[PDB]
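Chemist: Right, I'll just put the structure down here and ask away after.
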Number of protein chains: 2
Amino acid sequence: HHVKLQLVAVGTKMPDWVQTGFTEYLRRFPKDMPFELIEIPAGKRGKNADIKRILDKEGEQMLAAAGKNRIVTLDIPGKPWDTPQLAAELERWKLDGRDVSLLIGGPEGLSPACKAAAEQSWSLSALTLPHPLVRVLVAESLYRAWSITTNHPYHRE
Amino acid sequence: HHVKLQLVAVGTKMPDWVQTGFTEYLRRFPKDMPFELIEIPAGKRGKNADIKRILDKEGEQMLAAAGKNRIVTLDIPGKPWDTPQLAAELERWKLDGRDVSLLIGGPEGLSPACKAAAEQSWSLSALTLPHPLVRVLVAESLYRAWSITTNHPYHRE
Ligand SMILES: Nc1ncnc2c1ncn2[C@@H]1O[C@H](C[C@@H](N)CC[C@H](N)C(=O)O)[C@@H](O)[C@H]1O
Ligand SMILES: Nc1ncnc2c1ncn2[C@@H]1O[C@H](C[C@@H](N)CC[C@H](N)C(=O)O)[C@@H](O)[C@H]1O
């Protein structure tokens, strides 16, 4: 009937130029496929901090936010989908019908539980990208994919 | 003995938030290794226009701009360097000493001449990225690679 694309991400307070771009893609998604952002609190890093405990804590909050959604992690070693392939996946997610949680890890990455829960995993790049740009890249690529499905003018290059 | 990184891009309109992001990274490159933008005016797609001819004209100009430089194309089918490899490429480019021209194609992509002129081709993603994001990604990823080489904090933030 409609499928929410929900970005579940660690971190807060992105640079304005980033927040602006991200918002520009976000507001162009149609009402029958809304794109939304859920931010998970980043664990307090520091000296003598237990990284592993923090990752686990972040993961548990992310899994709580995904609920019974399709879970797709953004991970460098995931599937290197090209744009036609992503359009196909979006169609797949539509047929599935469950809202989609797209998980983006914090500074230290995704918890093992999050990687285990993934139904699919998606690689944007072989590069190590900074979290804010990952947010913008997910918004645009999915928008482009959406447009291909609806024969919208943005994708015709 | 500084080495120049010249982004040779088919001239395009950049949204303000993209322009801000792009300059933010660009501004942080050392005098040791300058990051530079050189736009090539995009041809107009008139009625009945022969696309192939339009493209060649775009390319010839790119190559004229590249000159004697090492020519690296940004192309989806190119080498999907990870961030470690990109730092290693950066080191190779320095040993060369020769300036690098990094080519970004117009709406129709790179001219066959540009693709042929390439000593190396570099893929950011399997995805079809919009021209302005390609600029920001190149600036940030090259910055991250450089950061590694000098043990600058950015890479290890
Ligand atoms: N190439 C990529 N493809 C898909 N997801 C990515 C990619 N790079 C980073 N991510 C996501 O971004 C998250 C990690 C980023 N916060 C990495 C920044 C980290 N602080 C560092 O210094 O590089 C990872 O958990 C992934 O979920
Ligand atoms: N994933 C990528 N990796 C490297 N360069 C890219 C990538 N995506 C886009 N570009 C650059 O952006 C330019 C314009 C592209 N939108 C052209 C699209 C491409 N001709 C296609 O149909 O998939 C291309 O000529 C490339 O130089």
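Each chain in the structure tokens gets a letter, A, B, ..., in the order shown, and its residues are numbered from 1; ligands are numbered from 1 in order too.
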Can you write out as a tab-separated table which residues of chain A fall within 12 Å of ligand 2, alongside each residue's closest atom pair and its distance in Å to one decimal, counting only C-alpha atoms and all ligand atoms and ordering rows by chain and ascending residue number?

Modeler:
residue	atom	partner	partner_atom_place_in_ligand_line	distance
A:80	CA	ligand 2	1 (N)	10.4
A:81	CA	ligand 2	1 (N)	10.6
A:82	CA	ligand 2	1 (N)	8.4
A:83	CA	ligand 2	23 (O)	7.9
A:84	CA	ligand 2	23 (O)	9.3
A:123	CA	ligand 2	1 (N)	11.8
A:124	CA	ligand 2	1 (N)	8.9
A:125	CA	ligand 2	1 (N)	8.0
A:126	CA	ligand 2	1 (N)	10.5
A:127	CA	ligand 2	3 (N)	11.2
A:137	CA	ligand 2	1 (N)	11.1
A:141	CA	ligand 2	8 (N)	10.7
A:144	CA	ligand 2	16 (N)	11.1
A:154	CA	ligand 2	16 (N)	11.2
A:155	CA	ligand 2	16 (N)	9.3
A:156	CA	ligand 2	22 (O)	9.0
A:157	CA	ligand 2	16 (N)	6.6

Chemist: Report chain B as a JSON list (two decimals) with C-alpha atoms, in the first residue's frame in the frame of chain A, after least-squares superposition over all C-alpha atoms paired in order.

Modeler:
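superposed.json, freshly written:
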[["chain", "number", "residue", "atom", "x", "y", "z"],
["B", 1, "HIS", "CA", -0.48, 0.72, 0.79],
["B", 2, "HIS", "CA", 2.49, 3.10, 0.91],
["B", 3, "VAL", "CA", 5.91, 1.75, 1.87],
["B", 4, "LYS", "CA", 8.31, 3.43, 4.28],
["B", 5, "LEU", "CA", 12.04, 3.82, 3.93],
["B", 6, "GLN", "CA", 13.59, 4.43, 7.35],
["B", 7, "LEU", "CA", 17.18, 5.52, 7.57],
["B", 8, "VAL", "CA", 18.31, 4.23, 10.98],
["B", 9, "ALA", "CA", 21.55, 6.11, 11.62],
["B", 10, "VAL", "CA", 23.73, 6.38, 14.70],
["B", 11, "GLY", "CA", 23.05, 9.94, 15.77],
["B", 12, "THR", "CA", 25.69, 12.37, 14.62],
["B", 13, "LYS", "CA", 26.29, 16.07, 13.98],
["B", 14, "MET", "CA", 25.59, 17.07, 10.37],
["B", 15, "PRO", "CA", 27.27, 20.05, 8.70],
["B", 16, "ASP", "CA", 24.69, 22.52, 7.39],
["B", 17, "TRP", "CA", 25.47, 21.98, 3.71],
["B", 18, "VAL", "CA", 25.09, 18.22, 4.15],
["B", 19, "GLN", "CA", 21.81, 18.76, 5.99],
["B", 20, "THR", "CA", 20.53, 20.90, 3.12],
["B", 21, "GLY", "CA", 21.49, 18.35, 0.48],
["B", 22, "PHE", "CA", 19.97, 15.52, 2.48],
["B", 23, "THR", "CA", 16.66, 17.37, 2.97],
["B", 24, "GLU", "CA", 16.55, 18.39, -0.72],
["B", 25, "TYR", "CA", 16.38, 14.77, -1.81],
["B", 26, "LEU", "CA", 14.27, 13.66, 1.13],
["B", 27, "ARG", "CA", 11.66, 16.34, 0.32],
["B", 28, "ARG", "CA", 11.19, 15.03, -3.23],
["B", 29, "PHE", "CA", 10.11, 11.50, -2.26],
["B", 30, "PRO", "CA", 6.40, 10.93, -2.99],
["B", 31, "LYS", "CA", 3.78, 10.25, -0.32],
["B", 32, "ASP", "CA", 3.69, 6.84, -2.03],
["B", 33, "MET", "CA", 7.09, 5.98, -0.57],
["B", 34, "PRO", "CA", 8.28, 8.25, 2.31],
["B", 35, "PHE", "CA", 11.93, 8.70, 3.22],
["B", 36, "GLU", "CA", 12.53, 8.99, 6.96],
["B", 37, "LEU", "CA", 15.41, 9.68, 9.35],
["B", 38, "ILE", "CA", 15.72, 8.11, 12.80],
["B", 39, "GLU", "CA", 18.90, 8.99, 14.70],
["B", 40, "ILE", "CA", 20.24, 6.72, 17.43],
["B", 41, "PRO", "CA", 22.32, 8.59, 20.05],
["B", 42, "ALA", "CA", 26.03, 7.73, 19.72],
["B", 43, "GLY", "CA", 27.82, 6.41, 22.80],
["B", 44, "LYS", "CA", 30.66, 8.48, 24.27],
["B", 45, "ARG", "CA", 34.22, 7.12, 23.99],
["B", 46, "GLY", "CA", 35.41, 7.73, 27.57],
["B", 47, "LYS", "CA", 38.84, 6.87, 28.96],
["B", 48, "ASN", "CA", 39.34, 3.17, 29.40],
["B", 49, "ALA", "CA", 36.05, 2.52, 27.63],
["B", 50, "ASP", "CA", 35.50, -0.95, 26.21],
["B", 51, "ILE", "CA", 34.77, -0.27, 22.59],
["B", 52, "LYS", "CA", 32.95, -3.55, 22.00],
["B", 53, "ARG", "CA", 30.53, -2.91, 24.77],
["B", 54, "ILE", "CA", 29.96, 0.61, 23.52],
["B", 55, "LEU", "CA", 29.16, -0.73, 20.12],
["B", 56, "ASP", "CA", 26.63, -3.30, 21.31],
["B", 57, "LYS", "CA", 24.71, -0.65, 23.05],
["B", 58, "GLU", "CA", 24.61, 1.38, 19.92],
["B", 59, "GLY", "CA", 23.34, -1.56, 17.93],
["B", 60, "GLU", "CA", 20.68, -2.80, 20.26],
["B", 61, "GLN", "CA", 19.11, 0.51, 19.94],
["B", 62, "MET", "CA", 19.29, 0.41, 16.18],
["B", 63, "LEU", "CA", 17.50, -2.95, 16.12],
["B", 64, "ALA", "CA", 14.93, -1.72, 18.50],
["B", 65, "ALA", "CA", 14.28, 1.03, 15.99],
["B", 66, "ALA", "CA", 14.21, -1.36, 13.05],
["B", 67, "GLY", "CA", 11.64, -3.54, 14.81],
["B", 68, "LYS", "CA", 9.89, -6.03, 12.53],
["B", 69, "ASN", "CA", 11.09, -4.19, 9.39],
["B", 70, "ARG", "CA", 13.22, -5.57, 6.59],
["B", 71, "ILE", "CA", 16.76, -4.79, 7.76],
["B", 72, "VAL", "CA", 19.22, -3.51, 5.16],
["B", 73, "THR", "CA", 22.68, -2.46, 6.37],
["B", 74, "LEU", "CA", 24.87, 0.12, 4.70],
["B", 75, "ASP", "CA", 28.27, -1.53, 4.85],
["B", 76, "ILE", "CA", 31.44, -1.26, 2.74],
["B", 77, "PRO", "CA", 31.66, -5.05, 2.36],
["B", 78, "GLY", "CA", 27.99, -5.34, 1.31],
["B", 79, "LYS", "CA", 26.54, -5.83, -2.18],
["B", 80, "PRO", "CA", 27.72, -3.13, -4.62],
["B", 81, "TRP", "CA", 24.34, -2.63, -6.31],
["B", 82, "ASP", "CA", 24.37, -0.52, -9.47],
["B", 83, "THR", "CA", 21.49, 1.88, -10.11],
["B", 84, "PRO", "CA", 19.45, -0.60, -12.24],
["B", 85, "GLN", "CA", 19.78, -3.25, -9.52],
["B", 86, "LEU", "CA", 18.85, -0.70, -6.84],
["B", 87, "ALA", "CA", 15.60, 0.03, -8.73],
["B", 88, "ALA", "CA", 14.98, -3.74, -8.85],
["B", 89, "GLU", "CA", 15.60, -3.92, -5.08],
["B", 90, "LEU", "CA", 13.15, -1.10, -4.61],
["B", 91, "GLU", "CA", 10.57, -3.15, -6.47],
["B", 92, "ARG", "CA", 11.28, -6.21, -4.32],
["B", 93, "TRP", "CA", 10.89, -4.12, -1.14],
["B", 94, "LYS", "CA", 7.48, -2.93, -2.38],
["B", 95, "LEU", "CA", 6.30, -6.49, -3.16],
["B", 96, "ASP", "CA", 7.37, -7.29, 0.38],
["B", 97, "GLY", "CA", 5.37, -4.22, 1.42],
["B", 98, "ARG", "CA", 7.26, -4.38, 4.70],
["B", 99, "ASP", "CA", 8.95, -1.18, 5.81],
["B", 100, "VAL", "CA", 12.69, -1.07, 5.25],
["B", 101, "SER", "CA", 15.16, -0.01, 7.92],
["B", 102, "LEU", "CA", 18.40, 1.21, 6.34],
["B", 103, "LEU", "CA", 21.14, 1.07, 8.96],
["B", 104, "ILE", "CA", 24.12, 3.42, 9.06],
["B", 105, "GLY", "CA", 26.85, 2.77, 11.62],
["B", 106, "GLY", "CA", 28.57, 5.13, 14.06],
["B", 107, "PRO", "CA", 32.25, 6.18, 14.08],
["B", 108, "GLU", "CA", 33.22, 2.59, 14.98],
["B", 109, "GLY", "CA", 30.85, 1.13, 12.35],
["B", 110, "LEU", "CA", 27.91, -1.29, 12.78],
["B", 111, "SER", "CA", 27.52, -3.57, 15.80],
["B", 112, "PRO", "CA", 28.03, -7.30, 15.15],
["B", 113, "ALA", "CA", 24.37, -7.76, 16.11],
["B", 114, "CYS", "CA", 23.30, -5.28, 13.43],
["B", 115, "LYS", "CA", 25.46, -6.98, 10.80],
["B", 116, "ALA", "CA", 23.96, -10.34, 11.77],
["B", 117, "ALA", "CA", 20.39, -9.03, 11.80],
["B", 118, "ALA", "CA", 20.74, -7.93, 8.17],
["B", 119, "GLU", "CA", 18.56, -9.56, 5.51],
["B", 120, "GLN", "CA", 20.60, -7.64, 2.93],
["B", 121, "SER", "CA", 23.76, -5.56, 2.97],
["B", 122, "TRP", "CA", 24.44, -2.68, 0.61],
["B", 123, "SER", "CA", 27.82, -1.21, -0.35],
["B", 124, "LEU", "CA", 27.92, 2.34, -1.76],
["B", 125, "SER", "CA", 31.62, 2.23, -2.52],
["B", 126, "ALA", "CA", 34.84, 0.42, -1.77],
["B", 127, "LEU", "CA", 35.77, 3.71, -0.09],
["B", 128, "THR", "CA", 35.39, 4.48, 3.60],
["B", 129, "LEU", "CA", 32.76, 7.25, 3.49],
["B", 130, "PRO", "CA", 32.08, 9.78, 6.28],
["B", 131, "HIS", "CA", 28.71, 9.29, 7.98],
["B", 132, "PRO", "CA", 27.04, 12.48, 6.62],
["B", 133, "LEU", "CA", 27.86, 11.74, 2.96],
["B", 134, "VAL", "CA", 26.53, 8.19, 3.41],
["B", 135, "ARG", "CA", 23.20, 9.80, 4.33],
["B", 136, "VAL", "CA", 23.15, 12.03, 1.22],
["B", 137, "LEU", "CA", 24.20, 9.20, -1.08],
["B", 138, "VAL", "CA", 21.46, 6.90, 0.20],
["B", 139, "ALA", "CA", 18.85, 9.61, -0.22],
["B", 140, "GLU", "CA", 19.97, 10.48, -3.78],
["B", 141, "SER", "CA", 20.50, 6.94, -5.01],
["B", 142, "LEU", "CA", 17.15, 5.72, -3.67],
["B", 143, "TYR", "CA", 15.59, 8.78, -5.28],
["B", 144, "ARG", "CA", 17.27, 7.93, -8.60],
["B", 145, "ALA", "CA", 16.12, 4.32, -8.35],
["B", 146, "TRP", "CA", 12.52, 5.38, -7.63],
["B", 147, "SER", "CA", 12.76, 7.87, -10.49],
["B", 148, "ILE", "CA", 13.52, 5.02, -12.84],
["B", 149, "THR", "CA", 10.53, 2.98, -11.61],
["B", 150, "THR", "CA", 8.05, 5.78, -12.31],
["B", 151, "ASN", "CA", 9.79, 7.22, -15.34],
["B", 152, "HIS", "CA", 10.34, 10.43, -13.48],
["B", 153, "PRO", "CA", 12.63, 12.80, -15.38],
["B", 154, "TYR", "CA", 15.44, 12.89, -12.78],
["B", 155, "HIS", "CA", 17.02, 9.64, -13.87],
["B", 156, "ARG", "CA", 16.97, 10.62, -17.49],
["B", 157, "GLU", "CA", 17.49, 14.27, -16.98]]

Chemist: DSSP on the backbone: which residues in range 96-131 of chain B end up as alpha helix (DSSP H)? Give the answer as a PDB file with N, CA and C atoms, in the first residue's frame.

Modeler:
ATOM      1  N   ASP B  96      55.602  10.055  -9.447  1.00  0.00           N
ATOM      2  CA  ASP B  96      55.515  10.524 -10.818  1.00  0.00           C
ATOM      3  C   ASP B  96      55.865  12.011 -10.837  1.00  0.00           C
ATOM      4  N   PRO B 112      34.563   9.116 -25.836  1.00  0.00           N
ATOM      5  CA  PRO B 112      35.390   7.930 -26.086  1.00  0.00           C
ATOM      6  C   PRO B 112      36.871   8.281 -26.089  1.00  0.00           C
ATOM      7  N   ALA B 113      37.199   9.471 -26.590  1.00  0.00           N
ATOM      8  CA  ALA B 113      38.577   9.960 -26.607  1.00  0.00           C
ATOM      9  C   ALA B 113      39.139  10.115 -25.198  1.00  0.00           C
ATOM     10  N   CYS B 114      38.310  10.611 -24.287  1.00  0.00           N
ATOM     11  CA  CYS B 114      38.717  10.780 -22.897  1.00  0.00           C
ATOM     12  C   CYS B 114      38.948   9.429 -22.231  1.00  0.00           C
ATOM     13  N   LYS B 115      38.047   8.484 -22.489  1.00  0.00           N
ATOM     14  CA  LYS B 115      38.161   7.144 -21.926  1.00  0.00           C
ATOM     15  C   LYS B 115      39.416   6.439 -22.441  1.00  0.00           C
ATOM     16  N   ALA B 116      39.765   6.712 -23.694  1.00  0.00           N
ATOM     17  CA  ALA B 116      40.935   6.114 -24.323  1.00  0.00           C
ATOM     18  C   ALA B 116      42.220   6.767 -23.840  1.00  0.00           C
ATOM     19  N   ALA B 117      42.151   8.062 -23.557  1.00  0.00           N
ATOM     20  CA  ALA B 117      43.324   8.818 -23.131  1.00  0.00           C
ATOM     21  C   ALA B 117      43.755   8.462 -21.707  1.00  0.00           C
ATOM     22  N   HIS B 131      26.560  14.443 -11.189  1.00  0.00           N
ATOM     23  CA  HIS B 131      27.833  15.149 -11.330  1.00  0.00           C
ATOM     24  C   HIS B 131      28.301  15.905 -10.064  1.00  0.00           C
TER      25      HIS B 131
END

Chemist: Enumerate, as a CSV table (one decimal) with N, CA and C atoms, in the first residue's frame, the complete set of residues in chain A that a backbone-based DSSP assignment places in strand (DSSP E).

Modeler:
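Contents of the output file result27.csv:
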chain,number,residue,atom,x,y,z
A,5,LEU,N,10.8,4.3,3.7
A,5,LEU,CA,12.2,4.0,3.7
A,5,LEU,C,12.8,4.7,4.9
A,6,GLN,N,13.2,4.0,5.9
A,6,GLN,CA,13.7,4.6,7.1
A,6,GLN,C,15.2,4.4,7.4
A,7,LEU,N,15.9,5.5,7.4
A,7,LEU,CA,17.3,5.5,7.7
A,7,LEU,C,17.6,5.5,9.2
A,8,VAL,N,18.1,4.4,9.7
A,8,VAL,CA,18.4,4.3,11.1
A,8,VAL,C,19.9,4.6,11.3
A,9,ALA,N,20.2,5.7,11.9
A,9,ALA,CA,21.6,6.1,11.9
A,9,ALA,C,22.2,6.6,13.2
A,10,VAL,N,23.4,6.3,13.5
A,10,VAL,CA,24.1,6.8,14.7
A,10,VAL,C,24.6,8.3,14.4
A,35,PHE,N,10.4,8.9,2.9
A,35,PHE,CA,11.8,8.7,3.3
A,35,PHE,C,12.0,9.4,4.7
A,36,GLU,N,12.4,8.7,5.7
A,36,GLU,CA,12.6,9.3,7.0
A,36,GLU,C,13.9,9.0,7.7
A,37,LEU,N,14.2,9.8,8.7
A,37,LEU,CA,15.5,9.6,9.4
A,37,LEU,C,15.2,9.3,10.9
A,38,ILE,N,15.8,8.2,11.3
A,38,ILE,CA,15.8,7.9,12.8
A,38,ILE,C,17.3,7.9,13.2
A,39,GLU,N,17.6,8.8,14.2
A,39,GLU,CA,18.9,8.9,14.7
A,39,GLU,C,19.0,8.2,16.1
A,40,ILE,N,20.0,7.3,16.1
A,40,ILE,CA,20.4,6.6,17.4
A,40,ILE,C,21.5,7.3,18.1
A,70,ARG,N,12.0,-4.9,7.1
A,70,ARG,CA,13.1,-5.4,6.4
A,70,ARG,C,14.4,-4.7,6.9
A,71,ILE,N,15.4,-5.4,7.2
A,71,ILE,CA,16.7,-4.8,7.6
A,71,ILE,C,17.8,-4.9,6.5
A,72,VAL,N,18.2,-3.7,6.1
A,72,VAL,CA,19.3,-3.6,5.1
A,72,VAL,C,20.4,-2.8,5.8
A,73,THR,N,21.6,-3.3,5.9
A,73,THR,CA,22.7,-2.6,6.5
A,73,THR,C,23.5,-1.9,5.3
A,74,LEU,N,23.9,-0.7,5.6
A,74,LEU,CA,24.9,-0.1,4.7
A,74,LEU,C,26.3,-0.6,5.3
A,75,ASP,N,27.0,-1.3,4.5
A,75,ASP,CA,28.3,-1.9,4.9
A,75,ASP,C,29.2,-1.9,3.7
A,76,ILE,N,30.4,-1.5,3.9
A,76,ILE,CA,31.4,-1.5,2.8
A,76,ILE,C,31.5,-2.9,2.1
A,77,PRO,N,31.6,-4.0,2.9
A,77,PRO,CA,31.6,-5.3,2.2
A,77,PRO,C,30.2,-5.9,1.8
A,78,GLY,N,29.2,-5.1,1.6
A,78,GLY,CA,27.9,-5.5,1.1
A,78,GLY,C,27.8,-5.6,-0.4
A,79,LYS,N,26.6,-5.7,-0.9
A,79,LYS,CA,26.4,-5.8,-2.3
A,79,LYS,C,26.6,-4.5,-3.0
A,100,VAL,N,11.2,-0.4,5.3
A,100,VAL,CA,12.6,-0.8,5.2
A,100,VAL,C,13.5,0.0,6.2
A,101,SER,N,14.2,-0.7,7.0
A,101,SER,CA,15.2,0.0,7.9
A,101,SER,C,16.6,-0.1,7.2
A,102,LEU,N,17.2,1.1,6.9
A,102,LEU,CA,18.5,1.1,6.4
A,102,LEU,C,19.5,1.6,7.4
A,103,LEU,N,20.3,0.7,7.9
A,103,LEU,CA,21.2,0.9,9.1
A,103,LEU,C,22.5,1.4,8.7
A,104,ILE,N,22.9,2.5,9.3
A,104,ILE,CA,24.2,3.2,9.1
A,104,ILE,C,24.9,3.2,10.5
A,120,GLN,N,19.6,-8.0,3.9
A,120,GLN,CA,20.4,-7.6,2.7
A,120,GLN,C,21.4,-6.7,3.2
A,121,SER,N,22.5,-6.5,2.5
A,121,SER,CA,23.6,-5.6,2.8
A,121,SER,C,24.1,-4.9,1.6
A,122,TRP,N,24.3,-3.6,1.7
A,122,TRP,CA,24.5,-2.8,0.5
A,122,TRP,C,25.8,-2.0,0.7
